[PDB]
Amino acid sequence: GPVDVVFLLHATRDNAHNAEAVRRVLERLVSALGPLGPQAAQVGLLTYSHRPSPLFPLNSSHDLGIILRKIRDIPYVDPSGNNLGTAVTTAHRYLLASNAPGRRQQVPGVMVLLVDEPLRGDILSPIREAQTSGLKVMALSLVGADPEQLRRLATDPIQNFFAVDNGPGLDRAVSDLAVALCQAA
């Protein structure tokens, strides 16, 4: 069935060296959603440093080729910063809210969190409010992240996946999340 998915990525000059690995991850996750279309899957994207950067809304395009180029051209230019909290809030207010561009009513909304560093500041309040508004929150913790942080948010439990390494550990986590996304519709 139809689904509105918005991915949240940590993107700075500090983790620019992992951009290609993350791109391949996102490609698999976008594939997991099935055909893109106004009556099918939609994808939005926001990145975060200390500040949030919405890159494109759910209805920016249904052309898979264009969407993947946008992902390819994600700016990794910002200074150091890992403010996931404000990112969640911004993605909610401007990309997944009922009034957001391309957001479809009676369609499940999903917020997918990519994390690769220990989290600073409050994430509990933004995530809880996203859940309360009816959004499904999922998180992929990449190598470098603290795997316990997004597991101890007690708000409803999150579907968490942790890459214990950048190899098979990563592959398993991504596959598990891909299955989880397929079921979210």
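Throughout, we count residues from 1 along the sequence that is shown.
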item	value
Residues of the deposited sequence left unbuilt between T155 and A154	1 to 3
Per the entry, higher mean C-alpha B factor between 175 to 183 and 3 to 11	175 to 183
Selected stretch [higher average CA B-factor]: 38 to 46 or 120 to 128	120 to 128
Residue with maximal Cα B-factor (values as given in the PDB entry) among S61, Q149, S141, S31	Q149
Which of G109, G85, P101, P79 ranks first by CA B-factor in the deposited coordinates	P79
Ranked against its chain, the third holding the CA B-factor of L55	lowest
Entry-reported Cα temperature factor of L170, expressed as the chain third it lands in	middle
B-factor third for the C-alpha atom of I158 within its chain	highest
